[PDB]
Every structure is written in structure tokens, then in C-alpha cells.
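1. sequence and experimental coordinates follow.
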Amino acid sequence: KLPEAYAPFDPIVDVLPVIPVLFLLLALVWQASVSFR
Amino acid sequence: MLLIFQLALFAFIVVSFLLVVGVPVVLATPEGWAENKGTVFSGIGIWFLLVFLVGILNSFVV
Amino acid sequence: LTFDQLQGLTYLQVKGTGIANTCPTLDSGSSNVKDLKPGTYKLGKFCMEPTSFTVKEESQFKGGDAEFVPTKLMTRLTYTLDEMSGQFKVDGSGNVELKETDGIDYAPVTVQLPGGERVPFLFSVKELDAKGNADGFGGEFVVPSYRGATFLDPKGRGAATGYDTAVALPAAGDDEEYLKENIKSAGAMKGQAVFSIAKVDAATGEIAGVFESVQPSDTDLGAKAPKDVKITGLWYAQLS
Amino acid sequence: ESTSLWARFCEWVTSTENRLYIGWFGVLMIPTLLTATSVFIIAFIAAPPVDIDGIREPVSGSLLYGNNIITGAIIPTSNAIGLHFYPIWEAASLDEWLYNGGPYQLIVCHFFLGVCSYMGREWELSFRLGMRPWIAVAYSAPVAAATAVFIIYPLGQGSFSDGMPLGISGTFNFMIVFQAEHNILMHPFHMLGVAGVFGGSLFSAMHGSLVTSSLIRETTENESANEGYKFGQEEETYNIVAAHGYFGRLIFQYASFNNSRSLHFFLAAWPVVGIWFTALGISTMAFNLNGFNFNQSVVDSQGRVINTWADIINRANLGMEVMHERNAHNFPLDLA
Amino acid sequence: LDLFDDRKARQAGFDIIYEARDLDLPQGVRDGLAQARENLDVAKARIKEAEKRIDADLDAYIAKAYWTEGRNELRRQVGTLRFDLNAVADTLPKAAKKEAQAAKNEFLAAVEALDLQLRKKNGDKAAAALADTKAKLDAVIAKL
Amino acid sequence: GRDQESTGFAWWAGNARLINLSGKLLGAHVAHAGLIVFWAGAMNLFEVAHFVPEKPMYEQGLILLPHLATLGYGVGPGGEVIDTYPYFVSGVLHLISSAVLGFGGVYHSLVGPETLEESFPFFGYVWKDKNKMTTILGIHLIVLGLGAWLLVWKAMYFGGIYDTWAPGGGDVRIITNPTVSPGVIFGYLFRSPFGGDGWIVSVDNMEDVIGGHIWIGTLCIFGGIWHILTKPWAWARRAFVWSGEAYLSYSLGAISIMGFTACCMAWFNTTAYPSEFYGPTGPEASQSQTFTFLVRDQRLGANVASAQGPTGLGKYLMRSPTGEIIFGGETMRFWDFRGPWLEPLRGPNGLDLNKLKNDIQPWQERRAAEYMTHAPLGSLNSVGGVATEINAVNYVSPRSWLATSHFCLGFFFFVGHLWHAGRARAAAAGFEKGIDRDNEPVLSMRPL
Amino acid sequence: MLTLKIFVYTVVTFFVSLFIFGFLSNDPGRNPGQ
Amino acid sequence: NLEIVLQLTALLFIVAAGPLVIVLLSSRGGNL
Amino acid sequence: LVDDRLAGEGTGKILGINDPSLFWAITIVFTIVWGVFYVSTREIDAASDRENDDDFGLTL
Ligand SMILES: CCCCCCCCCCCCCCCCCC(=O)OC[C@H](CO[C@@H]1O[C@H](CO[C@H]2O[C@H](CO)[C@H](O)[C@H](O)[C@H]2O)[C@H](O)[C@H](O)[C@H]1O)OC(=O)CCCCCCCCCCCCCCCCC
Ligand code: CLA
Ligand code: CLA
Ligand code: CLA
Ligand SMILES: CC1=C(/C=C/C(C)=C/C=C/C(C)=C/C=C/C=C(C)/C=C/C=C(C)/C=C/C2=C(C)CCCC2(C)C)C(C)(C)CCC1
Ligand SMILES: CC1=C(/C=C/C(C)=C/C=C/C(C)=C/C=C/C=C(C)/C=C/C=C(C)/C=C/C2=C(C)CCCC2(C)C)C(C)(C)CCC1
Ligand SMILES: CC1=C(/C=C/C(C)=C\C=C\C(C)=C\C=C/C=C(C)\C=C\C=C(C)\C=C\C2=C(C)CCCC2(C)C)C(C)(C)CCC1
Ligand code: OEX
Ligand SMILES: [Cl-]
Ligand SMILES: [Cl-]
């Protein structure tokens, strides 16, 4: 587990590792916004 | 110091969220990197200050 | 390699070399077993490394002079019996009685005769009880069945497990043609081994010599007649 | 012009005037594939039985030893060998080499080098002819599948005896045991592989039927329609717009490729991508990352397990598991 | 079937294998770490037996140049020495605990230096390293 | 950015528009670097949070914590995790460092210079400049050498590295005599990849592991200085395609090999990947099963040496085709396996029969029993055991995840070599867009 | 068998050497375009 | 269930932070 | 033992060189091929029509 001082912040850590796969989708939605120019 | 430490960590998380959205927006904005460049450096400076503040406070709380 | 030389080698220095399949050689020592104090010793590190496999073949040239023809080893370096233990009793008059108890005491070996015939056999000295003088002391040993009672043949037929008939033939199964193959037995046989002492080191309690063993081959769980296999080689042991 | 021996040799090797292109990958492909071909033909006809399981129970795989074309096979190397290198010179006699399954390793090792060099030789000719270099990429899909069943799966399992036998019935034994140990049917990658070949078969039939349906009339009815095409034609032999119109009405207008270049990329990508994943599937299952295991997934309120179709598959998998390599296992777990 | 009386099997740990394969039990219980920590007497006993192996078997192995036997003996019945030394040293008072840890590190350095010489097959340096190892071990046990 | 109208690359090949935009290409590579450091930090904290001390590391689906444990952080003797705080600061340090790395990626991509060749000649480059390319190769070669020296400094001066072969049980150990002999180093490099040899996957000492990284650290530094002070020779100039896409394909072919090697390292090696943290290997688990049944059947009373199987071979003990005494059954294939719990029972000739029936320590039995049940077999949905098993145990070995994933990455990055190297030659030759309709090469060749 | 091993080592080295020095012989220049 | 509520809440922000950047640039006529 | 074999399997020998004669087999063959290649480099490059200077080679 995390140290006791960092216990309230545990839920944030539980969703952090999925952020990098969001960048792939973020690039896709960025290209859609500019009409895939 | 536990309450002080967690407030500093929460403040660090909040300012990180502001930079996560604020920095790309001003960078993409043409006038942003010329005018808002001043307030971005303040955000970066505050972010680094909280990094060291949370870092030292970790010693007295863990 | 003597026993001390082998113990001075790491496993990585032996793995793949092939010297793991060699009985230790007894250098120096003596040629007189009389140097051994009479008594009942504890046989240890007994190992028998074959030096030749010959299989007796019936002579088609009449005369009935069935002789042991030379063979070609087929299963690589997996044919030395080692770690065999037991008791060794030395008599003042030179009488010798050796009795094996545990250890490998068996190794499946396959050799190929001229003509491409693979003859498997279970090279074993199981329950070896040899009595005699130092120059030659022989005895009989148990040769168990090459295949265990639960060995399934390619049709699923076995002795203690499997079909008792040819299931592939729903009608012609259980005919007189297939009765022999359907019924399988795992009975054991016996062989004769004659040992001889050539070197004896009283100080270290180590003995060595040669042996000759004659035993039957695999009977294919009673499906074929066993051939006669003559195994000649060296042997080594540590009395203690 | 070239006077040096090497300059003349390198011109001949890379010459595009040879009936069969050699190239530099061909100086590796030709000797390896001929070596594997020679031993394969000789072993398929006259090789002695091979003790595949390491339990001194030889398995006959040769025509001269009682097999037909369907049941004949080159038996994999003995389980006693494992992954150890077993060239003919590491055997005391050629009889011992044959008994332990030597020819399998000789074929597989030279064959793997052959297909890798065949893949490079495909690139090399494209470069010499000035065409785009990705036919070799499409050939990487069957190469990966061949590499997975002959090299990687034996590598992960720990023995060349677990490779695919070089035979028809031997292939079926490979698949059945593979299902029993890994549940390959429930693996998403064989699922993608099946969609790759079912889809590729569908797309081949559709593309072939659509082009054939749109052939521009250039012959009579007493001649083959093929005669309407002359090798080297600068004009198109079928009407792409007409074929698109048919398939557009068949489902709907935008479900059809109006672009021949996009259509042909799709014809190449779909089977190649599918075979890439099923090749990965066997490779992943080489390290025992099996397919989906839904056994006893559905239980009622009181805990009683309600069977599904997955459990019926497990019953079939159970039967193969307890029968493959009958005499080879002394202990209950099939960890090897 | 014919019956056999193996009721003695539970003694000498027939269930050690079954205990280690029980996922319900924590990892400490499966690996035997919890038992040694709970009952320090078994931990102290294994330290004494490990001392016996070092001050006896190793000397013969080095003299006879049985290098593989010496290295294996340093890891068989001794393969729990590091854990056992830590287990006993933890119970010591903090002031004594610090000194026991320093002594333990000295012994561990000597036994690894001895292991190098056995690997190098250097009899002279191994005998010198063995004598140092035996001296360091006595100091550690005295503190524990 | 750009568009297909002015570049000729569609959106799905959009990053190909950065080939000659060195400044934006820099930000692209720095931003992906921030992602790598971000994942390392985020996954580290994720594993630390989801870590329960009642289970071993390999039973919890952790793949990053074992890497920290092998470096000797928060592990006591015997592979027991004593403190996870070192694992925490590793995650935090990476997570924070990714932020500044991410900022530089975003800065150098969106608002920094597009091309560095004008404003910053030191960092500016053109792919055709072989001299400048080698300097960049030389510079980044030195930092790799320095990174290798960090490992040996950790293993020799800073705490040490976890040694699973350490006398007295596996523990963190200071490496004092690294093996830097040329014969040992060259022996691993040019060893066969087949069984028994295993190429470099068979390194079985931490002395050899950090002895090798001393060679790698030194070679990379000398190679860095070499490739900085020299430009490629004529033989190299006429052998390689000097284009940006060509240099990429060279690296793709290289890390494809590295991906495959990591797959085999995680699957076979037990030194750099201790079984205490990564779990048993494939060979280890199969070897542990026969060892477990050998031990339990001895107590029931049976001579394991004399016991026969149905096939006639030894049920418990047999001989390898080289003569060594090995475990019987199907695990005869894994006879070249070596493990910390099994070597004490092995003498020069193989497994020692006397030690197998007299001196089997309880800890050795417990290790083998644990390794057998955690064999590297599992399903896609992480159901432990063979495919013909019920949904009871939720376990897949980290070795299975590491080997399976990095083989798929290794193979796809080999297709990267095939793709990006083929296109590199065609584009340089000048026919990557198609055959010239008026100048078709085949039309000018003699018919076959 | 050593004679066989030396023969194969000679043969394998021969074809590999041709492959290595073949691609070192200005291979990229052997293309039909300009 | 407070844990999963917090996890979904934190997940809500991050899956929105990305699109929030794009829509702000699109609305403000940014160089995106 | 009963038969003779190289017994080099699984021994981790550099390039599989059990005996020094294999070294001469590889070295002699490589040197010969390298020898004929070395005396032909200039001729091969001459076909390029460029001189193998610092700007030689396929370059995009
Ligand atoms: C034209 C364009 C076309 C585009 C097509 C695009 C297609 C996109 C396809 C995506 C397919 C993947 C879908 C992912 C979401 C599915 C839900 C999920 O995943 O959920 C699955 C699980 C669920 O989470 C938890 O997963 C755990 C898995 O066990 C792990 O933890 C256990 C302890 O609980 C044990 O320790 C065990 O050993 C350990 O493995 C347990 O099952 C928990 O009960 C469970 O809650 O994982 C998790 O969500 C967390 C992990 C998820 C990400 C993992 C990525 C890393 C993968 C590495 C291996 C790669 C490849 C291997 C080969 C594969 C061959 C197919
Ligand atoms: C560090 C390695 C690397 C780098 C720097 C590049 C760089 C480049 N590649 Mg390349 N490539 C690589 C590896 C790499 N590639 C590998 C490993 C393969 C084999 C699959 C390819 C196959 C490939 C092709 C076919 C093409 C390129 C192309 C390009 C250029 C533009 C690509 C682009 O705009 O992206 C755009 C990105 C996308 C459109 C999104 C891609 C969607 C993928 C499938 C995401 C799937 C993720 C998922 C987790 C994968 C599942 C399997 C996984 C678990 C292993 C660019 C310079 C293009 C080119 O030739 O340029 C001229 C081109 O067409 N690459
Ligand atoms: C690791 C992934 C990665 C990276 C680092 C890049 C990087 C880059 N891409 Mg690319 N791309 C990718 C993946 C990636 N791409 C994929 C998967 C595809 C297929 C869909 C594409 C397709 C693509 C195209 C078609 C083009 C690029 C282009 C570019 C370049 C400029 C983009 C730009 O200026 O527009 C501006 C983008 C925005 C204004 C929106 C993004 C705003 C920020 C960056 C989002 C991230 C916020 C972040 C969380 C903030 C935290 C940072 C810090 C405060 C902590 C740039 C260097 C362009 C180019 O080639 O330049 C000539 C372009 O034409 N890419
Ligand atoms: C989704 C993409 C992805 C992901 C998530 C991973 C994830 C992982 N990879 Mg992988 N990889 C990938 C793609 C990916 N990879 C691709 C595309 C390839 C090419 C095909 C590879 C090739 C590859 C190889 C060859 C290896 C991995 C390995 C690993 C594992 C360890 C990572 C590591 O430590 O790296 C490296 C870490 C760093 C670069 C940071 C440390 C750098 C410095 C020098 C270290 C200094 C440490 C120092 C001693 C600490 C002491 C403190 C000091 C002050 C003294 C990890 C779980 C390793 C593994 O475990 O094998 C299975 C490994 O060997 N990968
Ligand atoms: C260029 C571009 C791109 C990309 C980009 C990128 C890739 C970026 C990255 C970025 C990044 C890479 C970022 C990062 C960030 C990070 C951060 C910001 C951090 C944070 C942290 C915090 C806030 C804290 C935490 C904590 C600790 C301290 C301890 C524990 C607890 C916790 C967890 C709470 C794209 C695709 C869009 C396209 C277009 C262009
Ligand atoms: C570390 C941390 C942090 C940071 C974070 C971050 C960095 C984030 C980012 C994130 C991101 C980066 C996000 C993004 C995402 C994306 C999305 C969400 C999208 C999606 C999309 C979709 C889903 C769709 C697509 C498409 C189109 C539209 C086109 C066509 C096709 C399709 C439909 C497919 C914070 C602050 C929290 C603090 C704490 C710590
Ligand atoms: C760390 C360590 C170690 C190792 C170390 C080392 C020392 C490594 C190295 C390595 C090296 C040192 C090398 C390798 C590799 C290389 C390669 C693999 C490649 C080659 C390539 C290529 C690519 C070729 C090509 C060619 C040429 C000639 C030119 C052009 C043409 C061609 C393409 C044909 C050991 C084991 C102890 C273990 C522990 C750790
Ligand atoms: O070798 Mn061919 O099949 Ca792969 O699992 Mn274990 O090992 Mn044997 O059994 Mn099931
Ligand atoms: Cl079967
Ligand atoms: Cl088994």
C-alpha cells in the first residue's frame, strides 16, 4: 500500500496508469477536430 | 502536520491539473505564448515550489 | 578420472562432457584383495560402466552356433548404473560375497543389430547376489519387465490399465489372431553376472575391476521372445 | 565492363536476367532450402522410426515403414534432446541421429533460414525491378506462422518434440494437443486468424467474382473470356465503375471501394493482419498464456455450477489431455 | 486395497509440502518464515546447526579439494542462516540490535569471500577465508 | 501543423511530416519520453498501492516492483519484501520527472523552433550529414555507457544487487569481484542459443551480470568517443542508406532483437530475474513437481532411485543423454535448469542420490512446493492452471506476461524493420511512389 | 563426424561470407532508377 | 463504495481534460 | 563407454569451436572471400560514376 499520509489520494493513483493510452485517443480526436486535414 | 501535508499535496494536484490544461491552451493560442507567458511561469514556479514543499513535508509525516 | 578428481570438478565443467556416465577409476591401490581386512563392509558408490553390448543371434547358417554379434548404441550416454549400495563381505580365505540393495541398479538401453533391428533391454543388476573368490565372483540378478504394468501400447492395450481387446476392430477384435497381443504380462526374468576384482585400495576402501553380465532383452510385454544380451564393462565401488 | 572476379560474380548474383532471381538473400536461401528439401524427401520415404517422447517408444513416420501419404511424417526430435542442438556430428552414429529425431532439427533449422532468406529475396527483386518494397511484409505473416509452430512454440515449451510434425496426420496431432493444453479456439488470436482466412476467402471470392462480372466484351462465345485480355494491355480489361455500381446496390453505396488502390490494400491488409495475430497467438501460447477459461463461470444462487457451452468444450479438452502422450507423464500436472 | 501404516509420515513433515501449496495461508506461513519468527527456538537451533556445518564439514572439503561440495554446503542447511540471524537480532534491544547487525555483516562478508575462493578453486586463500569465517561467526553468535 | 495538401502524407501517416522538421521532431521524441517515464511512475504507484504483504510479488501481477527488488530495494533475505517505501519514491520520482519531460515535449513541438539548423547549429542536423549523425550516435552512446556504469556502481558501492545465489540464502549482496575476464565475456556473447547453451540468457552469476555491464559501459564510452571523432569510412558509406527513415529502420531491427532477448530472459533466466519476485520459470515449475513428489513419496516409503515408470525409465531419477543424473518424467527436457533451491542437492555428476534421501532441507521442499502450484500456466482472463481447470485461482505468472508481451512487441518491431527499411531504400532510389509510366525498368529488360 | 563438422563449417562460412560481402559491394547502388 | 465513487470522479476529470483542451482551442480559434 | 562422440553438445563453446581446426575453416574461408572482395571495391564503386567521398551512398 501507499504510506498512511498518502492514503486519501489512493483513488487518483488507481486511474493514473490508463492516462498514456488516452494520448493515442487524444491524437485521434485532435485530428477529427481539424477535419483530418 | 498530516493535515498540512495533505493540503499541500491537494494544492499540488490542483495546480498540476491547471497546468495540464492551461499550458497546452496558451501554447496553441498564438498570442498566448507572448502575453500569457508571464502567468505560465508563475504556474510553473508554484508547481515546483509545491514539489519541494511536499518533498520536505514527506519526511516529517512518513 | 579418479573419485577425487571428479569431486574437484564443478557441474558446469561436467555437463555435456560425457564423463558423468563413467565410473571412477581406481589408480594405485593394489591387486590383492587380501589387503582388505576380513569382515562385512558397506558397499557404497558401486557403479558399473559398460564397455560393450553384444546380442546373441540365432545362426541361419545352421550349426546352432548362436553367437553374440556386435551392436550400435542407440540411446546415447544413459547406460551406466551408479549410486548402487549394499553390503560387501570379505573372507580371510579370499572368498567374496557382494549384495546390491538400492541405487540406479537399472537403465533402459536400445541397440541396433545388423539389418536395422532395434533390440531394447533393461540393463540392471537389481537384487544382485554374487558369491565367489576374488578372481571371479558371480551371481544372479532380477531383470524386471522393460515396460511397466501400466504401459499403454499404441492401441491402448495394457496389463494393469487399458483395453483388453482391439477396439479398432469391433467385430474381428478378440479373435484368435489378436489373443496374444491383447493379453499383456509384466513378469520379470533373471540374468547372470560374473564380477572380477582388479584393483583394491585398502587405505581408501575402494575396489575396482571388470564384469560380464548376460540377461534377456525386452519381451514387448510378452509379445516377442527375448534375445540374449551380453554386457561387458568396468565397475567400481567404495567399501566403508 | 567488370574485369574483377568479385565484380563479375556480384553482377551475376544480382542479375535480373536470370530465369530465377538469385540475389544475395538467394545465396542463403538456395543452399538452406535445398538442404532441407533433400533430407525431407529422403526422411519422408526411408527414415527409421523416431523416439519422439523420449520414452524409448519409436514412432514410424516413413513410407517404407508402413505409412501412406496422409500418415507419413518427419517425427520431431526426441524429448530427451529437448532444445539442445543436435547436429549429425554430435551423434555417435548416423543410426543414433535418426533414432533421436535428428532429421527434424536439420530440416527445421535450415528451413527457418530459408523462409527468412526467401522473405529478403522478395524485397531484393523488388528493389532491382524498381517497385515498391512491401510484398515481403505481406510474406512476413506466413513466415511468422511457420516460425511460431517450428521454433517459438518448441522454445517456450522446452523441447523440439512439441513442434509441428512435418506431415499431414502429424499436423492434426499438433492441433488437437494444442487445443487440449491451451484452448486455442477460445483465444482471441485464433479468432482473429479465423476471421483473417474466412474473410480473406470471402474477399478473394468477392473480388474475383466482381471483376469477372465486369469484363468488357472483347471476345465471342466460342472463345474463353481470358482471350479478351492481352498481356501488356495499357487499357483496363474490366469496368470498375460497373462493379462498384453492382456492389453499391448489393449492400449500400458507401460499403464499396470506389478506389482500386484502396480495395487492393484492403485485400492485402485483412489476411496479413489476421495471420499476424494468429501467429502471435501460438507464440503467446508457447509461454502458456492460454485462451479464455470460462469453466464454472455461471453458478446459481446456492452455488451450483450451471454448465455452458464452454464447459462442454472443457469436457472434450479433458479427453484429449488424458490421452495425449499416454506413457510420458509420471505426475498429475502437465507443467511441461 | 492393501493397507499400509504411514501415520508416522506427518512427523518429519509430510504436510510441509501441502502447507506450502496452501494459497489460503499467508506467504510467511507457506515459506516457513512465520514459524521461525513466532518460535525463535527453532531459529536459534538452525543457527547452531549451521555453525556445526561451517566448523567441521568445510575444513574437510577444502583440504580434499571438494570445491562443489563446499559451495553446496554453504547453501544447504545454511540457506536459511541469513534469515535466522536477522530473526534473532530483531528481538535484541535497540542498542544491542545495532551491534548485532554490524557483527552479522562482517560474518556475511567473510562467508561470501570464502565462497569466491571456493569458486576460484584456491585452496590456500580459501583456508585463510574459512578461518576468518569461523571467527566472525563466533562473534555474531555471542552477540545473539 | 501541416496538412496533406502541402505534404502528400495523409493524417494516418501524419508523423511522417516531421522527418525534416528537426525542432518539432525533437519535441515528438521528448514527449514520447515523457510518456515512458509517466507510465513507469504511474504503474509503479499503481503496483505499490495494490501491493498486499500476505502474498509474494509474482502472485499480485506486479512487473515493475520485481525490477526494483532485483536492484535490492526493500527486500530482506529470502526474497521477502520488508519495506515498500523505496518502491514509492521510485514511482514519485518518475511521475514528477515526466511532467518536466512532458513540458519540453509540448514546448519543442507546439511553439519551439521548427528546424534547429539555423538558430542552434549544435543541435541542428540533416540526415545526409554522416559526420553529424555519428556525433549524435556517439553522444547518446556515452550516456548509455554511463547508464551501464550506474548498475555496477549500484552493485559495488551503493547497497548492492539482490543475489539469488548468495551463500546463506538469497539476499542483497555487494559485488566485490566482477568477472571481467575476456574468455568469460566472449563465452556468453558467442555461445549457441540452443539448449544447454542459451546464448546470453544463461548468465548465472551476479559477478558475470555486472562484469558484463562493466564491458558494456566501457565499450559504449569508447565507442561513443570513437563515433564522435570519426566519420563513417568508405566501406560504410557504400553499404548503408543515409536517410532519416533508414536510420529508424536500423534501430527497429536492433530493438526487435532486444525484444526477443528480453522475452527469453524473462522466461528462462533465474539470476537477473529471481524466482523470489518473478515466480518460477517454465523449467523450474516442471522440475519442482517431480522434486515435490520425490520428497513426499520417500516419506511414504519407496526407493526413488530404483523406482521405474511405466515406460521403464526412472520414475523419479534418470540420466540425461550426456550422463548426468536428472529428474525423470517429462521434465527430462528441462534437465539443464539450475536454481538456487536445487543446486545444493547437485554434485559434480548431477543430482546426488545421498543428499536427495538424507539432506533435503525444509526450505528447499517449501520452495519447490510453492513453485509447482505457481507454474507459469494461465488463461487470458488470468485463470491459474492448465486450460482444463476450473475458475478457482486468479493467477498468471509475471514471466508469462513479460515473455508473451515482449515477443509480440519484438515481432511487430521486426515488421517495422521490414517496412521502414524497404521504404527507406525505395524512397532513396526514388520509386517509393510507383513505377514511372514512361520509364518502366522491366520494359527495358530481355524477356525470360 | 569432425570431418563432417569442419566441412559444414567451411560451407556455412562460405555462403555467409558471400552474403556479408555481397551487401557490402555497393548493394544500394544496384537499382534501376536515377 | 466511496472508493469507486472517488475513482470514477478522478477518471471523469482526466478523460475530460484532454477533450477540454481541444474544445477550448476550437472555440477560441486556436492553432490546433 | 561404448562409442565415441564429439561430446560438445551443450558445453557453451565460442562459435561451437570444439577443436582448433574449425577456427582455421572459418578464418581461411572468410579471409579468401574478403580477399577477393577487397581487390574489387574500387571497380564496384567506379560503376557509380561518383568517387566514394564523404557524400557517397544512397541518400534521401
Ligand atoms: C482499424 C483500427 C482498429 C483498432 C482496433 C482496436 C482494438 C482495441 C482492442 C483492445 C483489446 C483490449 C481491451 C482492454 C479492455 C478490456 C478489459 C480488461 O482489460 O480487463 C482485464 C483485466 C481486468 O483487471 C484485473 O485483471 C487481473 C489480472 O490478474 C492479475 O492480477 C491477479 C491478482 O488479482 C493475479 O496477480 C494475476 O497473476 C495477474 O495477472 C485480475 O483478473 C482482476 O480480477 C481483474 O479485475 O486487466 C485489466 O483490466 C488491466 C490490464 C488491462 C491492460 C493490459 C495491457 C497490457 C497487456 C499486456 C499483455 C499483452 C498481450 C498479451 C497477449 C495477449 C493475447 C490476446
Ligand atoms: C519507434 C518505432 C517507430 C517509429 C518512430 C515509426 C515512425 C513512423 N512510421 Mg512506423 N512502424 C513501426 C514503428 C515505428 N514507426 C512498427 C513496429 C511497425 C509495424 C507495425 C510500423 C509500421 C508502419 C507502417 C505501415 C507505416 C509506418 C509509417 C511511419 C511514419 C508515419 C507514421 C505515423 O504517422 O503514425 C500514425 C499512427 C497511427 C495512424 C495510429 C496507428 C494505430 C496503431 C495500430 C495503434 C495500435 C495500438 C495497439 C496497442 C497495438 C496492438 C498490438 C500491440 C499490443 C503490440 C513515421 C515516420 C507510415 C509510413 O510509411 O510513413 C511514410 C506507414 O504507413 N510504420
Ligand atoms: C507519442 C505520440 C505523438 C507525439 C509525441 C506526436 C507529436 C507531434 N505530432 Mg503526431 N500523431 C500521433 C502521435 C504523436 N504525435 C498519432 C497516433 C497520429 C495519428 C492520429 C498522429 C498524427 C499527426 C498528424 C496528422 C500531424 C501530427 C503532427 C505532430 C507534431 C505537431 C503537432 C501540432 O503541432 O499540432 C497541435 C496539437 C494540438 C494543439 C493539440 C495538442 C495539445 C497538447 C499537446 C495535448 C497534450 C496536453 C498535455 C496533457 C499537457 C501536459 C504537458 C505539461 C503541461 C505537463 C508533433 C511534434 C503534425 C505535424 O506533422 O507537424 C508538421 C501533423 O500534421 N501528428
Ligand atoms: C507499451 C510499451 C512497453 C511497456 C509498457 C514496456 C514495459 C517494460 N519493458 Mg519493454 N519494450 C517495448 C515496449 C514496452 N515495454 C518495446 C516496443 C520494445 C522493443 C521491442 C521493448 C524492449 C524491452 C527490453 C529489451 C526489455 C524491456 C523490459 C521492460 C520491463 C522493464 C522496463 C525497464 O526497466 O526499462 C528500462 C529502464 C530505464 C530505461 C530507466 C533506467 C535507466 C537507468 C540507466 C537505470 C539506472 C538504475 C540504477 C542502477 C538505479 C540505482 C540508483 C542509482 C542512483 C545508483 C517493463 C515492464 C525489460 C524486461 O523486463 O524484459 C522483460 C527489458 O529487458 N522491454
Ligand atoms: C505534442 C503533441 C502530442 C503528445 C503530447 C504528449 C505525449 C504530452 C505528454 C505530457 C506529459 C508526460 C505530462 C505529464 C504530466 C505529469 C504530472 C502533471 C505529474 C503529476 C503528479 C502529481 C500531481 C502528484 C502525484 C502524487 C505524488 C507526489 C505522491 C502519490 C500521490 C500522488 C499520485 C497524488 C499529441 C499526441 C497530443 C498530438 C499533438 C502534438
Ligand atoms: C498525473 C496526474 C494528473 C495529470 C493527468 C493528465 C496528464 C491527464 C491527461 C489526460 C488525457 C490525454 C485525456 C484525453 C483523452 C482522449 C479522449 C477522452 C478522446 C477519445 C476519443 C474517442 C473515444 C473518439 C475517437 C474517434 C473520432 C472523434 C474520429 C472518428 C473515429 C472515433 C469515433 C473513434 C492530474 C492532473 C490528474 C493530477 C494528479 C496526477
Ligand atoms: C552486459 C552483460 C553481458 C554482455 C555484454 C556484451 C559485451 C554485449 C555485446 C554485444 C556486441 C559487442 C555486439 C552484438 C551484436 C551486433 C550485432 C547483433 C549486429 C550486426 C549488424 C548488422 C546489421 C550487419 C550488417 C551488414 C554490414 C556488414 C554492413 C551492411 C551490410 C550488412 C547489413 C549485411 C553478459 C553477456 C556478460 C550478461 C550480463 C550483462
Ligand atoms: O512433450 Mn509434446 O505435449 Ca507439451 O504438454 Mn507436457 O510436454 Mn508433452 O505433454 Mn502435453
Ligand atoms: Cl498423442
Ligand atoms: Cl511427468
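-> Arrived safely, thanks for sending. Numbering: from 1, shown residues only, chains lettered A, B, ... in the order given. Ligands and ions are numbered 1, 2, ... in the order given.

2. what is the neighbour count of residue D:199?
-> Residue D:199 is flanked by 15 other residues according to other Cβ atoms under 10 Å in any protein chain shown. Quick note: C-beta positions are derived from backbone N, CA and C, even for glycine.

3. check whether the helix or strand containing it contacts ligand 2.
-> Here residue D:199 sits within helix D:188-213, counting by DSSP states H and E. No: contact of helix D:188-213 with ligand 2 is not found when judged by Cβ under 6 Å from any ligand atom; the minimum separation is 10.7 Å.

4. who are the packing partners of that helix?
-> helix D:240-250, helix D:260-286 (3 or more Cβ pairs under 8 Å, 6 or more residues apart in numbering or on different chains; DSSP states H and E).

5. quick one: closest of those to ligand 7.
-> The closest of the helices and strands packed on helix D:188-213 to ligand 7 is helix D:260-286. By Cβ to the nearest ligand atom, the value is 21.5 Å.

6. for the helix or strand that that closest one is followed by, which outside residues touch it?
-> Using DSSP H and E, the helix or strand that directly follows helix D:260-286 along the chain is strand D:289-290. Contact with strand D:289-290 is made by D:181-183, D:187, F:377-380, F:386-387, F:396, F:400-401, F:404, as judged by Cβ atoms under 8 Å, 6 or more residues apart in numbering or on different chains.

7. most neighbours among these, which one?
-> residue F:387 (30 neighbours).

8. and it, which of the three is it?
-> When classified by DSSP: H, G, I helix; E, B strand; the rest coil, residue F:387 comes out as coil.

9. for it, what are its contacts?
-> With contacts defined as Cβ under 8 Å, 6+ apart, the neighbours of residue F:387 are D:180, D:181, D:182, D:183, D:290, D:291, D:293, D:314, D:317, F:379.

10. over to residue D:222?
-> With contact set as Cβ under 8 Å, 6+ apart, residue D:222 has no partners.

11. if I look at it, how far off is residue D:233?
-> Going from residue D:222 to residue D:233 by Cβ to Cβ, to the nearest Å gives 22 Å.

12. where do the strands sit along the stretch 201-350 of chain F?
-> Residue ranges of the strands in the stretch 201-350 of chain F, as given by DSSP state E, counting those that start in this stretch, are F:317-319, F:325-327, F:346-347, F:350-351.

13. what would these look like in CSV with mean neighbour count?
-> Shown next, in CSV, are these (neighbours: other Cβ atoms under 10 Å in any protein chain shown):
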stretch, mean neighbour count
strand F:317-319, 25
strand F:325-327, 28
strand F:346-347, 22
strand F:350-351, 24
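
14. in contact with residue 24, which residues?
-> Let's take chain A. Residues counted as contacts of residue A:24 (Cβ under 8 Å, 6+ apart): none.

15. looking at chain G here, not the other one
-> For residue G:24, the contact set (Cβ under 8 Å, 6+ apart) comprises F:235, F:238, F:239, I:37.

16. which among the contacts of residue F:387 gets closest to residue G:17?
-> Nearest to residue G:17, judged by Cβ to Cβ, of the contacts of residue F:387 is residue D:182 at 41.9 Å.

17. pick out the residue of chain I closest to chain H.
-> residue I:60 (29.5 Å; Cβ to the nearest Cβ).

18. tell me how many other residues crowd the spatially closest residue to that residue that is not a sequence neighbour.
-> Residue nearest to residue I:60 in three dimensions, not counting chain neighbours: residue F:243, with 3.7 Å by Cβ to Cβ, 6 or more residues apart in numbering or on different chains. Applying other Cβ under 10 Å, we find 21 other residues in the vicinity of residue F:243.

19. so which of the contacts of strand D:289-290 are in strands?
-> Counting by DSSP state E, the contacts of strand D:289-290 place F:378, F:379 in strands.

20. which one of the helices and strands packed on helix D:188-213 lies closest to ligand 6?
-> Of all these, helix D:260-286 sits nearest to ligand 6, with 17.5 Å by Cβ to the nearest ligand atom.

21. from the contact counts, what lies against that closest one?
-> helix D:135-147, helix D:153-157, helix D:168-182, helix D:188-213, helix F:398-429.

22. distance to ligand 6 for those helices - can I get that in JSON lines?
-> Formatted as JSON lines, those follow (distance: least, Cβ to the nearest ligand atom, whole Å):
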{"stretch": "helix D:135-147", "distance to ligand 6": "26"}
{"stretch": "helix D:153-157", "distance to ligand 6": "35"}
{"stretch": "helix D:168-182", "distance to ligand 6": "33"}
{"stretch": "helix D:188-213", "distance to ligand 6": "20"}
{"stretch": "helix F:398-429", "distance to ligand 6": "22"}
